[PDB]
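First up is the structure itself, then whatever we jot down about it.
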Amino acid sequence: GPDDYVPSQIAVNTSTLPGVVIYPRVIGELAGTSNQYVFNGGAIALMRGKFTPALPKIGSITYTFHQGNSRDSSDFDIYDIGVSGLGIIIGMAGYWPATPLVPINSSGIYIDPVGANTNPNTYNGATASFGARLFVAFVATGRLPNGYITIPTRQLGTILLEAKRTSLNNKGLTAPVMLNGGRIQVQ
């Protein structure tokens, strides 16, 4: 069917965090991930994605990612992943490389096109897919002990698919945004 878009997740991997050697402060960036087909399957459409955080907000911090097209600094919300002394911040963007990193500092924001945040009629150009880029950074909220800290898998939030044509917009299709657990080495 023309509106038979089906979701697929976007995730970052804890294992990509370098070894922490050192409040609150950023202790490292996970590898940025990309998925051109977070929503795929239907016919060509004008589409946009809205991210909704799923984790409690425990603080805020200024930061600039080294990975994405991040020119200025921004306010990020520190989210709780249920690990003492730790927190994470999120930044998202459209799949295409020129798009800007969208810091997550609210309960809802359009990650692509970023213009939809200031114009409710704005969608991406006609395409048969919607994708995203995911950036995550670990934050130490307090002095961390040396060793291996376990990080559980947590759903960081959800991308909601909106489209110009009402039938696809009415489906309200969503896809999950994931942090894949593992361990981090503090020294």
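Numbers for residues simply follow the sequence, beginning at 1.
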**Prompt:** Between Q185 and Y148, is any pair of side-chain heavy atoms under 4.5 Å apart?
**Reply:** yes
**Prompt:** Are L144 and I27 close enough that some pair of their side-chain heavy atoms sits under 4.5 Å apart?
**Reply:** yes
**same_hphob_cluster(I61, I104) at 4.5 Å side-chain heavy-atom cutoff** = no
**Request:** Please tell me if the side chains of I90 and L134 come closer than 4.5 Å, counting only heavy atoms from C-beta onward.
**Result:** yes
**Asked** Any side-chain heavy-atom pair from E29 and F135 closer than 4.5 angstrom?
**Response** no
**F51 vs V102, side chain to side chain contact (heavy atoms under 4.5 Å, CB included): CA-CA, chis, key distance, verdict** = CA-CA 10 Å; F51 178 72; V102 178; over 6 Å; no
**Fill in**
Residues at least two apart in sequence or cross-chain that pass ring pair (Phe, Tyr, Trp, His ring centres under 6.0 Å) with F65, listed by chain then number, are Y63, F76
**Message:** Walk me through whether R154 and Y79 qualify under side chain to side chain contact (heavy atoms under 4.5 Å, CB included).
**Reply:** CA-CA 11 Å; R154 293 275 188 274; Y79 297 115; over 6 Å; no
**Prompt:** Would you say the side chain of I151 lies within less than 4.5 Å of the side chain of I184, judging by non-hydrogen atoms?
**Reply:** yes
**Request:** Start with the C-alpha gap between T33 and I10, add the side-chain angles, then the distance that decides, and say whether side chain to side chain contact (heavy atoms under 4.5 Å, CB included) holds.
**Result:** CA-CA 7 Å; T33 46; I10 179 168; 4.0 Å; yes
**Complete:** Which of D75, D77, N105 passes side-chain hydrogen bond (donor to acceptor under 3.5 Å, both in side chains) with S60? Answer is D75
**Prompt:** Does a side-chain N-to-carboxylate-O contact under 4.0 Å join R133 and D112?
**Reply:** no
**Prompt:** Does a side-chain heavy-atom distance below 4.5 Å link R48 with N124?
**Reply:** no
**Student check: side-chain heavy atoms of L30 and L179 closer than 4.5 Å** = yes
**Item:** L86 and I88: CA distance, side-chain angles, deciding distance, side chain to side chain contact (heavy atoms under 4.5 Å, CB included) verdict
**Value:** CA-CA 7 Å; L86 283 186; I88 57 93; over 6 Å; no
**Asked** Taking side chain as C-beta onward, heavy atoms only, is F130 less than 4.5 Å from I159?
**Response** yes
